[PDB]
Structure formats: structure tokens, C-alpha cells
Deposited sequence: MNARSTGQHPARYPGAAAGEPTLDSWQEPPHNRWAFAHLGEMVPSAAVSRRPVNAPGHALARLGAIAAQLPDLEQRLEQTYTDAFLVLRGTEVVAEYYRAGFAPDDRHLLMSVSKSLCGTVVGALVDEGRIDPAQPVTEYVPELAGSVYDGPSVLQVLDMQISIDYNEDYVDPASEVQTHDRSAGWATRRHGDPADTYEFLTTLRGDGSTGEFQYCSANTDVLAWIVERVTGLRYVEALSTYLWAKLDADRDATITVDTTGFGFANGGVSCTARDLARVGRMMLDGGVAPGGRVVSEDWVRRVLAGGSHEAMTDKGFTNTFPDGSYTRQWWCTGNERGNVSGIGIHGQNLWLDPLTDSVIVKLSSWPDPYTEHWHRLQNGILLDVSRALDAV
């Protein structure tokens, strides 16, 4: 059992509705107004072909920027300097207001929600995960603190070999609805999390998407709100965003916090703007000045043993769902497979959003190229 979870709608029974009951009362009143949450759906455009390139400023310093973006399968690219959009690019077929999957950049948004609750005193990072989710007793999350989840410093037996259906990575996707279910699979994301095990050691960084979903579960237990709603209430609704964001949900309505958020590039930049504004957004304070300061400061360097990161950023680290380069510019970034970045350049008070679709989720090659672009653009923003 995974315990109490926020009802899909007021008064809804556990797990209701399902794909087989949404047309029945009392579920249908809610379902008829939110069918996309139950059945895959397409947009029927109210609007009646070529790439849009408005690199302007930095274009002079980076003459071949558009080509570099094409080479890295860029779908949407936006640079916000202060409160001004100073550069934009959208591939042919992708409109400026279209939404794009964020993959793991979604994790940085989840960490932000957790930070908001810490600021309210609703979550104490020093407390064990089990203080909030007792049902995780007996799992790898039995013992570690919420902070260790935030910093991903928990050793977990988590096979990352996706090609193998038995791998935890693929099983995680199937449990959440990102892939076709297999006989025996956990019923939902919560159940999947309870199956995870580890040797009990902590302190060393181990990038694992399951950690973020545990954070979202904690958010739900502490607020009583579906993660989908908490993400809006504690973050999205305070950004004065142009459009709603979206998040895939599993069969129970649980948002795939670790990687299922989609939003426009301009709106994602508002999250970065909030971070560079000490945690304050147009709709109010999202997180404390201290929380933002701790994110920019980075995590323990000794815990970071991922050569895929340290070969490029030797003094890098990870904390509260953000990757910290530890470079001379103090760059920090949300990162997601296939080329997604919510990059912060505090020196120039700028935010760089790059949403892409590399053919591969990860390769040293892609990251070398991507980081080269982000660093070059950041430097092009320096006063000269």
C-alpha cells in the first residue's frame, strides 16, 4: 500500500476515475472538463513553415549561432537579459508560443515547489523521508533525509540500461504511463518508488529520476494537493506566464514530476528570472532568498563523482534539483535529456532557455556542443 493520495477531484475514491470509469457518475462531471488527463488528445488550432531567427544583439559576436543551434537540434532558444528578451530562435514548424517537453528540467521546478514549502516550515529537509511518507519504510528511502533526496545523495540500485525492459529506468516509465505497461509492473509511480532498494549508503551523488518523484510525493502529503495543483499554486500561477504548462500524469493522476512538464520557452525563462530575482516572481515570492542563495552556492563538491559533468566542470556539484557548474561565472542550470536547459548566468543577470530534440538522450558529443553554445552566449552578454 502507498497510503493516502490527493483525490483526482473533490470526494473522489482512491484511483478514480480510470480509463474505464471516467464516463460514469460522479467522475464524469470532472472528466468531461479534463479529458486530456485520461485520453491522449490533440490540439485543433484556432490559427490558420520556416525558422524564426531573431538573434540580433549576440548575432554580431556569434555569426554562426543559428547554424550551431541547428546542429544541436534546437527547437526553441531564448535569451532573457534582465527583463528583456534579447535573442530568440524557433525551428521551422515550432511556433514561439508552442510548448516543449522539459524532460529533467522538470526536476528544477519540483525542487522549487519543495523550497516554497520549506520556507513555510511545512517541510524540514533534515527530517527523514519517512516523516512525510511513512509508506516508504522498507525501501531505499527509509533512512535518508529529504535533503539527501533534494541533493540526490542516495545510493540506489537503479539500472539505467533502458534497452533492457527489466531496468528500473524503463520500469519507471511504464509505471507512469510513458511506455506500454507489462504484466507485473507497479500500478502507478508511487508503487514503483516503494520497490526501490539500495545498500543504505548516502553522501555520494547518484542522478536518479525516482528521487524527484519522491519529492513530489512528499509535496502531496504535506499539502494535500495533487502535485499538478501544487506545481501551479506554489510556482506556475505566480509567474504571470503566457500559457498554462502541462504535465503528464499516471493512472492515478500523479504528475510525472521528474520529467513530464511542457511549457513555452518564454515562460520557462520566467522561472529563471524568479531565481535571479532572489526567489520573487510577479505574483509573489516563490522561494526564500536563502533557498536561491543555496542553489547558486552549489552542493558538496566531493559528492559529485559524475565524470560526465566534472570533465567539463571540475568544481561542479548538484543541489536542490539544480546542476551547479562551479565555473568562473557561477553558472547553474536545469538540465534534461535530448538537450533541454534552463541556464542561469547571474553575472549578466540573464537566463538562457534551450529546448531541443537531439536524436540521442545523452552523449559526450551533444553536451560538449550544447555547453559550448550556452557558455559562448553567456560570454557574449558580458559588458565590453
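Against the full deposited sequence, the model leaves out several stretches, namely 1 to 4, 53 to 56.
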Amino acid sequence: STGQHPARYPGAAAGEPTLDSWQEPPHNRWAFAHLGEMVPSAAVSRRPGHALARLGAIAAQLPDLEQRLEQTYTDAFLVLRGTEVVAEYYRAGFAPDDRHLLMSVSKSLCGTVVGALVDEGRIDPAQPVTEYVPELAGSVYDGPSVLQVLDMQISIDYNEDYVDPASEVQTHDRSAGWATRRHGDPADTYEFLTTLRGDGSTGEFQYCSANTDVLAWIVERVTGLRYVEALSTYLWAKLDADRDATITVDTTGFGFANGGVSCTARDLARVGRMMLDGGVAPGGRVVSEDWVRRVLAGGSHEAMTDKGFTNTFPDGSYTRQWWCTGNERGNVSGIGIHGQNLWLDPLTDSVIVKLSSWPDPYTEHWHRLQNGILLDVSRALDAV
From here on, numbers count along this sequence of modelled residues.
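Comparing 111 to 119 with 257 to 265, the higher mean C-alpha B-factor in the PDB entry belongs to 111 to 119.
Taking only CA atoms, the mean B-factor in the PDB entry is higher for 162 to 170 than for the other of 162 to 170 and 71 to 79. Annotation for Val86, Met275, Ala216, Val295: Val86 ranks highest, by Cα B-factor.
Residue-level inspection of the entry shows that, of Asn311, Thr248, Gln206, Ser209, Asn311 has the top Cα B-factor.
In the PDB entry, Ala281 places in the highest third of its chain by CA B-factor.
Annotation for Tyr190: CA B-factor lies in the middle third of the chain's modelled residues. The PDB entry assigns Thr348 a C-alpha temperature factor belonging to the highest third of its chain's modelled residues. Per the deposited record, the Cα B-factor of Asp98 falls in the middle third when ranked against the other modelled residues of its chain. Per the deposited record, the Cα B-factor of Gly49 falls in the highest third when ranked against the other modelled residues of its chain.
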